[PDB]
>>> print(open('run.txt').read())   # compact mmCIF, C-alpha atoms and all ligand atoms
# COMPACT_ATOMS: atom_id res chain seq x y z
CA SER A 27 99.64 78.02 127.48
CA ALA A 28 97.01 75.66 126.10
CA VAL A 29 96.77 77.78 122.96
CA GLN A 30 100.50 77.73 122.25
CA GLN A 31 100.50 73.95 122.73
CA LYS A 32 97.66 73.57 120.22
CA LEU A 33 99.23 75.98 117.72
CA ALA A 34 102.50 74.05 118.00
CA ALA A 35 100.64 70.79 117.41
CA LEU A 36 98.82 72.32 114.44
CA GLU A 37 102.16 73.46 113.02
CA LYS A 38 103.66 70.00 113.48
CA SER A 39 100.68 68.39 111.75
CA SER A 40 100.96 70.76 108.78
CA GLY A 41 104.63 70.23 107.91
CA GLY A 42 105.15 73.97 107.53
CA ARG A 43 106.13 77.01 109.60
CA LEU A 44 103.30 78.92 111.28
CA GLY A 45 103.38 82.46 112.61
CA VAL A 46 100.53 83.86 114.70
CA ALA A 47 99.96 87.15 116.48
CA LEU A 48 96.71 87.99 118.27
CA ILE A 49 96.06 91.32 119.96
CA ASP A 50 93.06 91.45 122.30
CA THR A 51 92.19 95.15 122.41
CA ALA A 52 90.09 94.51 125.54
CA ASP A 53 93.14 94.20 127.82
CA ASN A 54 95.90 94.73 125.21
CA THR A 55 97.12 91.18 125.83
CA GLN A 56 99.03 89.44 123.04
CA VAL A 57 99.25 85.81 121.94
CA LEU A 59 102.32 85.09 119.83
CA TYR A 60 103.60 82.02 118.01
CA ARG A 61 106.86 82.64 116.16
CA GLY A 62 105.78 86.24 116.61
CA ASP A 63 109.25 87.68 115.96
CA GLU A 64 110.17 85.44 113.01
CA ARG A 65 110.09 86.86 109.50
CA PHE A 66 107.52 85.53 107.03
CA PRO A 67 106.94 86.50 103.39
CA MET A 68 104.05 88.95 103.37
CA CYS A 69 102.88 88.33 99.80
CA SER A 70 99.61 90.17 99.21
CA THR A 71 99.14 91.09 102.89
CA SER A 72 101.55 93.91 101.99
CA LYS A 73 98.77 95.48 99.91
CA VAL A 74 97.22 96.81 103.11
CA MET A 75 100.30 98.98 103.68
CA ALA A 76 100.29 100.34 100.13
CA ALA A 77 96.60 101.25 100.38
CA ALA A 78 97.03 102.82 103.82
CA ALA A 79 99.99 104.85 102.55
CA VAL A 80 97.85 106.30 99.76
CA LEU A 81 95.10 106.97 102.30
CA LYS A 82 97.59 108.94 104.40
CA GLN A 83 98.50 110.97 101.31
CA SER A 84 94.81 111.79 100.78
CA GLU A 85 94.70 113.49 104.19
CA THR A 86 96.55 116.43 102.58
CA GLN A 87 95.60 115.84 98.92
CA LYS A 88 91.88 115.80 99.63
CA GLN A 89 90.95 114.73 96.08
CA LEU A 90 93.73 112.17 95.61
CA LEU A 91 91.52 109.08 95.77
CA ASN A 92 89.49 110.38 92.81
CA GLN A 93 92.60 110.87 90.66
CA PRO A 94 92.19 108.68 87.55
CA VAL A 95 95.06 106.38 86.62
CA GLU A 96 95.47 104.81 83.20
CA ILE A 97 95.61 101.01 82.91
CA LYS A 98 97.81 100.04 79.97
CA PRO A 99 98.28 96.51 78.60
CA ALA A 100 101.93 96.71 79.70
CA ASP A 101 100.76 97.34 83.29
CA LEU A 102 99.08 93.92 83.45
CA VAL A 103 101.00 91.28 85.40
CA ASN A 104 100.03 87.76 86.45
CA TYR A 105 96.80 88.33 88.43
CA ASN A 106 94.60 91.35 87.62
CA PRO A 107 90.92 90.42 87.94
CA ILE A 108 89.78 94.06 88.17
CA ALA A 109 92.45 95.94 86.20
CA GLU A 110 91.75 93.49 83.37
CA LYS A 111 88.27 95.03 83.19
CA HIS A 112 89.68 98.53 82.58
CA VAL A 113 92.58 98.02 80.17
CA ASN A 114 92.94 101.07 77.91
CA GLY A 115 90.75 102.94 80.39
CA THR A 116 91.21 104.51 83.81
CA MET A 117 90.65 103.58 87.43
CA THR A 118 90.64 106.02 90.31
CA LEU A 119 93.11 105.54 93.14
CA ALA A 120 90.14 104.53 95.30
CA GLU A 121 89.08 101.86 92.80
CA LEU A 122 92.66 100.58 92.56
CA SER A 123 92.94 100.50 96.35
CA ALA A 124 89.67 98.58 96.62
CA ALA A 125 90.81 96.22 93.87
CA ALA A 126 94.16 95.55 95.55
CA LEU A 127 92.53 94.81 98.90
CA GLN A 128 89.24 93.11 98.03
CA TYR A 129 90.39 91.11 95.00
CA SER A 130 94.18 91.08 95.60
CA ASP A 131 94.69 92.61 92.15
CA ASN A 132 98.43 92.69 91.45
CA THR A 133 98.26 95.38 88.77
CA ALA A 134 96.39 97.61 91.23
CA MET A 135 99.10 97.05 93.85
CA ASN A 136 101.81 98.06 91.37
CA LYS A 137 99.95 101.30 90.61
CA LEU A 138 99.77 102.07 94.33
CA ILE A 139 103.52 101.45 94.65
CA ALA A 140 104.17 103.79 91.72
CA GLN A 141 101.95 106.46 93.30
CA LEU A 142 104.15 106.19 96.40
CA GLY A 143 107.41 106.46 94.45
CA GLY A 144 108.41 102.81 94.53
CA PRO A 145 108.65 100.12 97.20
CA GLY A 146 110.78 102.47 99.28
CA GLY A 147 107.72 104.70 99.50
CA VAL A 148 105.57 101.97 101.01
CA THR A 149 108.31 101.05 103.47
CA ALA A 150 108.68 104.72 104.41
CA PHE A 151 105.03 104.88 105.48
CA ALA A 152 105.56 101.85 107.72
CA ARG A 153 108.45 103.61 109.45
CA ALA A 154 106.39 106.79 109.76
CA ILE A 155 103.76 104.93 111.81
CA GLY A 156 106.36 103.17 113.97
CA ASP A 157 106.71 99.84 112.12
CA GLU A 158 110.47 99.24 111.95
CA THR A 159 110.05 95.62 110.77
CA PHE A 160 107.95 95.85 107.60
CA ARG A 161 110.04 95.96 104.45
CA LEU A 162 108.79 96.07 100.88
CA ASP A 163 111.59 95.60 98.35
CA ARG A 164 109.95 94.50 95.09
CA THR A 165 106.82 94.97 93.02
CA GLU A 166 104.25 92.46 91.85
CA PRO A 167 104.66 89.62 91.09
CA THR A 168 108.23 89.03 92.26
CA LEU A 169 107.51 90.02 95.87
CA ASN A 170 105.74 86.63 96.21
CA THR A 171 108.81 84.41 95.67
CA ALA A 172 108.84 83.68 99.42
CA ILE A 173 112.32 82.16 99.33
CA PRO A 174 113.31 80.63 102.70
CA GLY A 175 115.58 83.00 104.58
CA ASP A 176 115.19 85.81 102.05
CA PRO A 177 114.47 88.94 104.13
CA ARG A 178 112.98 90.83 101.17
CA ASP A 179 109.27 91.64 101.41
CA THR A 180 108.87 90.22 104.92
CA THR A 181 107.56 91.26 108.30
CA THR A 182 106.92 89.55 111.61
CA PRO A 183 103.48 88.54 112.93
CA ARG A 184 103.93 90.77 115.98
CA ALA A 185 104.89 93.77 113.85
CA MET A 186 102.04 93.31 111.38
CA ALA A 187 99.45 92.79 114.12
CA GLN A 188 100.52 95.99 115.88
CA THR A 189 100.52 97.96 112.64
CA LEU A 190 97.16 96.60 111.47
CA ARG A 191 95.72 97.58 114.85
CA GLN A 192 97.00 101.14 114.44
CA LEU A 193 95.66 101.47 110.89
CA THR A 194 92.16 100.10 111.57
CA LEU A 195 91.47 100.62 115.30
CA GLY A 196 94.03 103.30 116.17
CA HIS A 197 94.66 106.69 114.63
CA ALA A 198 97.58 106.18 112.28
CA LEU A 199 95.11 107.41 109.65
CA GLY A 200 92.60 110.22 109.67
CA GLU A 201 89.06 109.40 110.70
CA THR A 202 87.64 109.27 107.17
CA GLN A 203 90.63 107.31 105.84
CA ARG A 204 90.46 104.81 108.71
CA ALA A 205 86.76 104.18 108.08
CA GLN A 206 87.42 103.73 104.36
CA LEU A 207 90.13 101.17 105.10
CA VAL A 208 87.84 99.27 107.47
CA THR A 209 85.06 99.29 104.88
CA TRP A 210 87.45 97.93 102.24
CA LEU A 211 88.75 95.17 104.52
CA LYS A 212 85.23 94.14 105.57
CA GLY A 213 84.35 93.70 101.90
CA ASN A 214 87.25 91.40 101.10
CA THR A 215 86.19 88.61 98.76
CA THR A 216 89.18 86.25 99.01
CA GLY A 217 89.13 85.30 102.70
CA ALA A 218 86.18 82.94 103.09
CA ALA A 219 88.40 79.85 103.50
CA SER A 220 91.04 81.39 105.78
CA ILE A 221 90.66 83.10 109.16
CA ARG A 222 86.92 83.63 108.62
CA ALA A 223 86.37 79.87 108.37
CA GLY A 224 87.73 79.30 111.89
CA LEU A 225 85.45 81.84 113.58
CA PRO A 226 81.76 82.09 114.50
CA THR A 227 79.60 83.20 111.59
CA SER A 228 78.17 86.02 113.71
CA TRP A 229 81.55 87.75 114.02
CA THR A 230 82.36 90.55 111.59
CA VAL A 231 85.76 90.17 109.94
CA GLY A 232 87.85 92.41 107.73
CA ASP A 233 90.91 90.69 106.31
CA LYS A 234 93.54 90.62 103.59
CA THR A 235 94.84 87.29 102.34
CA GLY A 236 98.19 86.54 100.80
CA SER A 237 99.63 83.66 98.79
CA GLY A 238 102.91 82.94 97.08
CA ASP A 240 105.51 80.33 96.33
CA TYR A 241 106.61 77.80 98.95
CA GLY A 242 102.93 77.25 99.69
CA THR A 243 102.86 80.58 101.50
CA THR A 244 99.34 81.13 102.82
CA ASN A 245 98.66 84.28 104.82
CA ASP A 246 95.72 86.16 106.28
CA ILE A 247 95.61 89.27 108.45
CA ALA A 248 92.33 90.30 109.98
CA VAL A 249 90.51 92.68 112.26
CA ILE A 250 87.72 90.86 114.09
CA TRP A 251 84.61 92.42 115.65
CA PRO A 252 82.91 89.80 117.85
CA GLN A 253 79.27 90.66 118.60
CA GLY A 254 79.24 92.37 122.03
CA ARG A 255 82.99 92.29 122.71
CA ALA A 256 86.16 94.27 122.10
CA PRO A 257 87.68 93.71 118.64
CA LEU A 258 90.72 91.57 117.99
CA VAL A 259 93.62 91.74 115.55
CA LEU A 260 94.77 88.37 114.23
CA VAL A 261 97.69 87.72 111.88
CA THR A 262 98.32 84.20 110.58
CA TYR A 263 101.38 83.52 108.41
CA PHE A 264 102.20 80.09 107.01
CA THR A 265 104.96 78.93 104.66
CA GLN A 266 106.31 75.53 103.65
CA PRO A 267 109.63 73.96 102.67
CA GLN A 268 108.75 72.90 99.08
CA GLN A 269 108.79 75.63 96.44
CA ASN A 270 105.72 74.13 94.72
CA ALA A 271 103.70 73.28 97.84
CA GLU A 272 99.94 73.77 97.74
CA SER A 273 98.20 76.57 99.61
CA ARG A 274 96.98 75.57 103.07
CA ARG A 275 94.18 77.97 103.96
CA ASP A 276 92.81 75.24 106.24
CA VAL A 277 95.82 75.86 108.50
CA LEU A 278 94.82 79.51 108.86
CA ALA A 279 91.22 78.55 109.65
CA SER A 280 92.41 76.01 112.23
CA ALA A 281 94.73 78.54 113.88
CA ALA A 282 91.89 81.05 114.16
CA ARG A 283 89.62 78.36 115.60
CA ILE A 284 92.25 77.54 118.23
CA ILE A 285 92.58 81.23 119.11
CA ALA A 286 88.80 81.67 119.31
CA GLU A 287 88.76 78.87 121.90
CA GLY A 288 89.69 80.81 125.03
CA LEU A 289 88.15 84.24 124.50
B1 LIG B 1 98.84 88.03 96.57
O1 LIG B 1 99.63 87.30 97.39
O2 LIG B 1 97.43 87.49 96.61
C1 LIG B 1 97.21 86.95 95.33
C2 LIG B 1 98.28 87.35 94.47
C3 LIG B 1 98.84 86.07 93.69
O3 LIG B 1 99.97 86.44 92.95
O4 LIG B 1 99.29 87.90 95.22
>>> encode(input="run.txt", output="structure tokens", more="lines below")
Ligand SMILES: *[B@@]1([O])O[C][C]([C][O])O1
Amino acid sequence: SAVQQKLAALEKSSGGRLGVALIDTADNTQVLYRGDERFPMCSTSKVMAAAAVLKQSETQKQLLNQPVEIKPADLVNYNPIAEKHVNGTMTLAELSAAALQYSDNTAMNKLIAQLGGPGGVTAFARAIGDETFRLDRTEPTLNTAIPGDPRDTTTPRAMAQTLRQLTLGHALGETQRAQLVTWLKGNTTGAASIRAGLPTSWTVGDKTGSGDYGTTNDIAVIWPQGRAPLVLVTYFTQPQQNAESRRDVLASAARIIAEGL
């Protein structure tokens, strides 16, 4: 289609490898570009860790208010929020919000620990029918994004379907789902990515990701004003280990998708 031609041309212009999956919940149609290829998730994996804890809170009604101690040893490479609470505590809700809205790596590692390790995050994926998602490492090493390395990867198709279920479907309880949507809508790191390719009137909840090999990711739920919502996943990675982030590519891919709806 016209859109796949333009996405292919965008990819060629960028020098990297682009993965796109759009789900139009209006008619359940899908637009895929390298939709079944594996990409490093980087911090887009934090959505799965947060959703897994949310699922736990369906039975442990007070779980999200459980305080968790932040020790100096817990601090890794990027902890904008956890930094503010060293030698203090953060609730599991505050850590979930920090992981999603500020991409705090210490917060993500606490969520993984709460779930019993990376295997616990991956287990949740399988429980909701995602057989592609795999989380193998903790922060920060899950961002190495080595070409061909299957660790800590998923496919755009798989992530789009799963994000739909978590935010628009009923993989989570009603209150948990709404909390996840609220967190995603208040993301602070996505202004230059998918959001930048879309009309300013559209409401967007997203989670960005970045890592080595210039890996630049964004996954988003989109609520156009007066229209069925959309799920859009954009994954991008490059052949040089030290390549710069290319959020402009994500914005351009979203703009190309928006043209047509
Ligand atoms: B994720 O990918 O988003 C930011 C941090 C950087 O290490 O991880």
>>> residues_near_ligand(input="run.txt", ligand="ligand LIG 1 (chain B)", cutoff="7 Å", atoms="all atoms listed in the file", output="compact mmCIF listing (two decimals) with C-alpha atoms, in the coordinates of the input")
# COMPACT_ATOMS: atom_id res chain seq x y z
CA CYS A 69 102.88 88.33 99.80
CA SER A 70 99.61 90.17 99.21
CA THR A 71 99.14 91.09 102.89
CA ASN A 104 100.03 87.76 86.45
CA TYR A 105 96.80 88.33 88.43
CA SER A 130 94.18 91.08 95.60
CA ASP A 131 94.69 92.61 92.15
CA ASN A 132 98.43 92.69 91.45
CA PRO A 167 104.66 89.62 91.09
CA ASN A 170 105.74 86.63 96.21
CA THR A 235 94.84 87.29 102.34
CA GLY A 236 98.19 86.54 100.80
CA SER A 237 99.63 83.66 98.79
CA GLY A 238 102.91 82.94 97.08
>>> residues_around(input="run.txt", residues="residue 99 in chain A", least_positions_apart="5", cutoff="9 Å", atoms="only C-alpha atoms", output="mmCIF file with C-alpha atoms, in the frame of the given file")
data_model
loop_
_atom_site.group_PDB
_atom_site.id
_atom_site.type_symbol
_atom_site.label_atom_id
_atom_site.label_comp_id
_atom_site.auth_asym_id
_atom_site.auth_seq_id
_atom_site.Cartn_x
_atom_site.Cartn_y
_atom_site.Cartn_z
ATOM 1 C CA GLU A 110 91.750 93.490 83.370
ATOM 2 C CA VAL A 113 92.580 98.020 80.170
ATOM 3 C CA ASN A 114 92.940 101.070 77.910
#
>>> atom_distance(input="run.txt", atom1="CA of residue 56 in chain A", atom2="CA of residue 225 in chain A")
18.2 Å
>>> closest_residue(input="run.txt", among="A:270, A:188, A:244, A:128", to="residue 216 in chain A", atoms="all atoms listed in the file")
A:128
>>> closest_residue(input="run.txt", among="A:256, A:134, A:120, A:68", to="residue 108 in chain A", atoms="all atoms listed in the file")
A:134
>>> closest_residue(input="run.txt", among="A:245, A:189, A:262, A:214", to="residue 61 in chain A", atoms="all atoms listed in the file")
A:262
>>> atom_distance(input="run.txt", atom1="CA of residue 163 in chain A", atom2="CA of residue 149 in chain A")
8.2 Å
>>> build_atoms(input="run.txt", residues="range 183-199 of chain A", atoms="N, CA, C and O atoms", output="compact mmCIF listing (two decimals), keeping the file's coordinate frame")
# COMPACT_ATOMS: atom_id res chain seq x y z
N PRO A 183 104.89 88.49 112.50
CA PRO A 183 103.48 88.54 112.93
C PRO A 183 103.22 89.61 113.97
O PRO A 183 102.23 90.34 113.88
N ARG A 184 104.10 89.73 114.97
CA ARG A 184 103.93 90.77 115.98
C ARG A 184 103.87 92.15 115.34
O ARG A 184 102.99 92.96 115.64
N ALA A 185 104.83 92.44 114.45
CA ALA A 185 104.89 93.77 113.85
C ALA A 185 103.64 94.05 113.04
O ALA A 185 103.06 95.15 113.13
N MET A 186 103.19 93.08 112.24
CA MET A 186 102.04 93.31 111.38
C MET A 186 100.76 93.46 112.20
O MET A 186 99.89 94.27 111.86
N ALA A 187 100.63 92.67 113.27
CA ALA A 187 99.45 92.79 114.12
C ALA A 187 99.38 94.18 114.74
O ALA A 187 98.33 94.83 114.70
N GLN A 188 100.49 94.65 115.30
CA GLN A 188 100.52 95.99 115.88
C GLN A 188 100.17 97.04 114.84
O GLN A 188 99.37 97.94 115.10
N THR A 189 100.77 96.95 113.65
CA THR A 189 100.52 97.96 112.64
C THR A 189 99.08 97.91 112.14
O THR A 189 98.45 98.95 111.96
N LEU A 190 98.55 96.70 111.92
CA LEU A 190 97.16 96.60 111.47
C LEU A 190 96.22 97.18 112.52
O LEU A 190 95.23 97.85 112.18
N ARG A 191 96.51 96.95 113.80
CA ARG A 191 95.72 97.58 114.85
C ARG A 191 95.72 99.10 114.70
O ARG A 191 94.67 99.75 114.77
N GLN A 192 96.90 99.69 114.51
CA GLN A 192 97.00 101.14 114.44
C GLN A 192 96.23 101.69 113.24
O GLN A 192 95.58 102.73 113.33
N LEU A 193 96.30 100.98 112.11
CA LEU A 193 95.66 101.47 110.89
C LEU A 193 94.14 101.40 110.98
O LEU A 193 93.45 102.30 110.48
N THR A 194 93.60 100.35 111.59
CA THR A 194 92.16 100.10 111.57
C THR A 194 91.46 100.53 112.85
O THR A 194 90.36 101.08 112.79
N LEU A 195 92.07 100.29 114.01
CA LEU A 195 91.47 100.62 115.30
C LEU A 195 92.09 101.85 115.95
O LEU A 195 91.41 102.54 116.70
N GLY A 196 93.36 102.12 115.66
CA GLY A 196 94.03 103.30 116.17
C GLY A 196 93.83 104.49 115.27
O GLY A 196 92.86 104.58 114.51
N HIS A 197 94.77 105.43 115.35
CA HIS A 197 94.66 106.69 114.63
C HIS A 197 95.92 106.98 113.83
O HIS A 197 96.35 108.13 113.71
N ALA A 198 96.52 105.95 113.25
CA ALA A 198 97.58 106.18 112.28
C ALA A 198 97.04 106.91 111.06
O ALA A 198 97.78 107.65 110.40
N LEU A 199 95.76 106.73 110.75
CA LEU A 199 95.11 107.41 109.65
C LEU A 199 94.04 108.35 110.18
O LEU A 199 93.51 108.18 111.28
